[PDB]
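# Coordinates in review
Here is how the chains run, residue by residue.
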Amino acid sequence: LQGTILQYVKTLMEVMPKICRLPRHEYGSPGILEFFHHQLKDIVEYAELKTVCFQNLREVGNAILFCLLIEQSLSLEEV
Amino acid sequence: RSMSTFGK
Amino acid sequence: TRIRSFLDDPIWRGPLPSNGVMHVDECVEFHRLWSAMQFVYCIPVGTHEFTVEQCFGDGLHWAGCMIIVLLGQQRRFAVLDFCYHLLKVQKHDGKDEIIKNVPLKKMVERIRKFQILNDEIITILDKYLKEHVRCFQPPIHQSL
Amino acid sequence: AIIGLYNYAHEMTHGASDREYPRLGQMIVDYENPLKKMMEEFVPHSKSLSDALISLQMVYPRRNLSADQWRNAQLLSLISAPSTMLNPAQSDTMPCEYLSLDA
Amino acid sequence: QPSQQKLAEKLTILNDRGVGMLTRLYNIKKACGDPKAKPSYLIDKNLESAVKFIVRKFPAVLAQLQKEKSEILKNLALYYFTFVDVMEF
Amino acid sequence: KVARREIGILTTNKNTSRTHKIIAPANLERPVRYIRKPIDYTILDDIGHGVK
């Protein structure tokens, strides 16, 4: 969190569109999908989004799940 | 009911 | 509780909102970045490509949602999320096209799945995470 | 039947109809066709009643719009105009803003 | 004396009274619309001969009925004076 | 004891309790009898600036 993820968060945050409105219903879903595609193009195209960002997050998530699951096993063992 | 065995 | 203390860098929460209440259109909070990431992994892939769930499992979303919850951004994420908005509108107009090789119908079908997943995780985190409210001043007569 | 029965039993016990019966029995038959009776009864009320109802022109129509028109106005939205989230939501007809449309 | 007509008070008090009358009337209608909660006298076959006469004459004005006169005053008094209150309202 | 002291640091009270599905009030509501009383246009005279 304070290392690679933080680094990439600060990086992508600048790649992020400074502002991004939620278009009225009038524009229609097809147009809204097109609007988001354009506004978030640089995030969609970011090369290390999966190999690094998602990967690092998956590791943190698994760590959290392990703590939760291990405690549950411990509770069953204790009871 | 505090558990002193766990340092409580 | 101890993990939240790992998120002290100002980048997560961003600067103060202009309206003195909350950010709305600005993308300076983490949950917004997560919304963009969610937009990415909701995009349908080829029939013979592997998906984000087949590659990362639920662990990816447990992390993203945890950061959001710990930052206390889960409510604004629900309101301001891009995909949630697209789903909302599509259910209204019931339209189905292919925008940038993205079949709108399948796109919103996946968004719904991750929405159900996100809600479950966020609810669970909030449950385990189980005071002072910022008030505002009413208009003051320039006199006094 | 109820009113009649009670009164019969009253004059069968006290040798006289219930004090309220004559007038009560007369109301029952007069308002037998409620709206017809009241339509003529309200002739002298028509002036004040009309004025009151007509004032609803400034409320009912704008309170009785469609979903599309609600979406066009972005009704009840707090984020449609982010710069005004602090400002008090107000009109000069406050009680008319939430007055039951059904009423 | 338009400043002593007490319109605000009278409107408030009557409006409240009105809801009360509606509430009472509502229950009478439901009760009388259900041959299970309806007053026994309107159900008993041996009396319908008389009720028909009283209603056909209404408001203008009985062998068995004579004996149960005290029973009728007691059991219809509630509905009767509810109607009376509706009139006075 | 040493092992438990080490894991105790990572713990906190789980505020769980046990109650009944339905808890009736100490005093059930008293059945009020209906009594007819005439319309009274003076019951609001003591509220605000009344007019007798």
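Residues numbered from 1 in each chain as written, not as in the entry; some residues may be left out. Chains lettered and ligands numbered in written order. Part of a larger assembly, values for the part shown. Heavy atoms only, no water.

### Thoughts on unusual backbone geometry
At the junction of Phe58(E) and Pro59(E), the peptide bond is cis and its omega measures out at 0° in the coordinates. Within the element layout of this structure, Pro59(E) appears in the loop between α2 (45-57) and α3 (69-88). The backbone phi angle of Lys100(C) is positive, close to 55°, even though this residue is not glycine. You can see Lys100(C) is positioned in the loop between β1 (98-99) and β2 (102-103). A relative accessible area of 57% places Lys100(C) in the exposed class. We note that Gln74(D) has phi near 45°; this positive angle belongs to a residue other than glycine. (Helix = DSSP H or I, 4+ residues; strand = E, 2+ residues; numbered from the N terminus. Buried < 20%, exposed > 50% of the residue type's maximum accessible area, 1.4 Å probe, protein only.)

### What about the environment of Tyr8(A)?
Residue and element names in this part refer to chain A. Along the polypeptide, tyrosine 8 turns up in helix α1 (residues 4-15). Among the residues examined, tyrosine 8 registers a relative accessible area of 15% and is labelled buried. In this structure, the C-alpha to C-alpha distance between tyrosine 8 and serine 29, residues 21 residues apart in sequence, is 31 Å. Setting aside chain neighbours within four positions, we find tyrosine 8 in contact with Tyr46, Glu48, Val52 and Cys53. (Contact = heavy atoms within 4.5 Å.)

### With respect to the packing of helix α1 (residues 30-42) of chain C against helix α3 (residues 59-70) of chain C
In a pair of packed helices, the angle between the axes and the distance between the axes together describe the arrangement. All names here are of chain C. Across the interface, α1 lies against α3 with an axial gap of 10 Å and an inter-helix angle of 155°. The orientation of α1 with respect to α3, classified from their angle, is roughly antiparallel. The handedness of the crossing between α1 and α3 is left-handed. Between α1 and α3, the residues in contact are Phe30, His31, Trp34 and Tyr41 and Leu60, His61, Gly64, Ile67 and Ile68, respectively. Each residue belonging to the contact of α1 with α3 can be placed in one class, and the counts come to six nonpolar, three polar and no charged. (Axes fitted to C-alpha atoms, helices over the stretch in contact; angles between N-to-C directions. Parallel < 35°, antiparallel > 145°, perpendicular 65-115°, else oblique. Left-handed = near helix turned anticlockwise from the far one by under 90°. Nonpolar A, V, L, I, M, F, W, Y, C, P; charged D, E, K, R; others polar.)

### A word on α2(E)
Restricting attention to buried positions, one finds in α2(E) the residues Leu47(E), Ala50(E), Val51(E) and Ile54(E). Those residues of α2(E) hidden inside the fold are in contact with α1 (2-11) of chain D. Between the side-chain oxygen of the N-cap and the backbone nitrogen of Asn46(E) there are 3.2 Å, and the N-cap of α2(E) in question is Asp44(E). (Polar contact = N/O pair within 3.5 Å; in protein donor to acceptor, adjacent residues only side chain to side chain.)

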